[PDB]
Amino acid sequence: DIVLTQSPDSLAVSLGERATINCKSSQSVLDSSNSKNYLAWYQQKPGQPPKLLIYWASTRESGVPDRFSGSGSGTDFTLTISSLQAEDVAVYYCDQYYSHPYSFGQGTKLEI
Amino acid sequence: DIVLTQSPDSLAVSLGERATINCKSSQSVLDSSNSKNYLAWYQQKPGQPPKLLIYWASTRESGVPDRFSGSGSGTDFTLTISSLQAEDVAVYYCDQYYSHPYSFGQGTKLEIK
């Protein structure tokens, strides 16, 4: 089964700075036939459900601020917040839907 | 945008009994072209990430105990937990991946009575 490991577990950045979160998959999630990486990124705040930010590893979801971006391929992915804003404080997760059982990373806490 | 609303928001159930959680979608998530409901259920405990329980509305993910079952179609879905166990205490979510933006329900907190 595919396991996702995020780094770091907690990240603290100043207001307006760039935030980078990594996710490494034990196996590649890149479909060689369609060139798509079945990897998604989610944001979750206390008392609320997870919210999809990025899918196909680098495609931004509707409604998500443009400062959020995803990159990477195969087994190494990165979520980037170009300029951090107070409202970005939350827990971030990567999730693979390439092969069952689908699985989430352990989560990364982002604070100011 | 399709919005999912769960009911109840929280519930207390006795060990060994059946727990039922409902999810209503503002618009149908059933694709008439292939007969599939793009609806999934997740379980989440404090300090841990969400864990997929059911997808396609009724297909149980591998590794998940048979006491978890999903049913429903179109705009109404149900997650049933039979023979409740102490470790089933968590927040449960439904999630639709039919149309963008994909979306989760608000969550239902299940506790032991």
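The listed protein sequences correspond, in order, to chains A and B.
In case it helps, PDB author numbering puts the first sequence at residues 1 to 27, 27A to 27F, 28 to 106.
In case it helps, PDB author numbering puts the second sequence at residues 301 to 327, 327A to 327F, 328 to 407.
Every residue gets a Cβ at the ideal spot worked out from N, C-alpha and C, and that includes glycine.
- prompt: Quick one: what does DSSP say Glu355/B is sitting in, helix, strand or coil?
  reply: Position 61 of the second sequence, counting from 1, holds the residue named residue 355/B. In the structure shown, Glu355/B sits in coil (DSSP, three-state: anything other than H, G, I, E or B).
field: Nonlocal neighbours in the same chain, by C-beta distance under 6 Å from residue 464/B, ignoring five residues either side
entry: Because chain B is modelled from 301 through 407, residue 464/B falls outside the range shown and cannot be assessed.
message: Between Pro43/A, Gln79/A, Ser7/A, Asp27D/A, which has its C-alpha nearest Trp50/A's C-alpha?
response: Reading the first sequence from its first residue, position 56 is the one you call residue 50/A. Answer by Cα proximity: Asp27D/A.
query: Residues in its own chain within less than 6 Å of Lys339/B by CB, not counting five upstream and five downstream?
result: If you number the second sequence from 1, residue 339/B lands on position 45. Same-chain partners within the cutoff: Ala384.
- prompt: What residues are listed by DSSP as bridge partners for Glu405/B?
  reply: Counting from 1 along the second sequence, the entry for residue 405/B is found at position 111. Paired residues: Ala312/B.
task: Please state whether DSSP places residue 107/A in a helix, a strand or coil.
output: Nothing about residue 107/A can be read from this structure; chain A reaches only from 1 to 106.
task: Give me whichever residues DSSP pairs with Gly64/A in a beta bridge.
output: By one-based count along the first sequence, residue 64/A stands at place 70. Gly64/A pairs with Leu73/A.
- prompt: In chain order, what residues of the segment 56-71 of chain A put their CB closer than 7 Å to some CB of chain B?
  reply: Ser56, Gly57
message: Checking the sheet assignment: what are the DSSP bridge partners for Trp35/A?
response: Against the first sequence, residue 35/A aligns to sequence position 41. Paired residue(s): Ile48/A, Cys88/A.
- prompt: With C-beta atoms as the reference, is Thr102/A less than 8 Å away from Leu11/A?
  reply: As a first step, residue 102/A must be located in the first sequence, where it is residue number 108. As a first step, residue 11/A must be located in the first sequence, where it is residue number 11. Closer than 8 Å, so yes.
task: Note down, in chain order, each residue of its chain lying with its Cβ closer than 6 Å to the Cβ of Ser363/B, except the 5 sequence neighbours on either side.
output: As a working mapping, residue 363/B is identified with position 69 in the second sequence. Here the set comprises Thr374.
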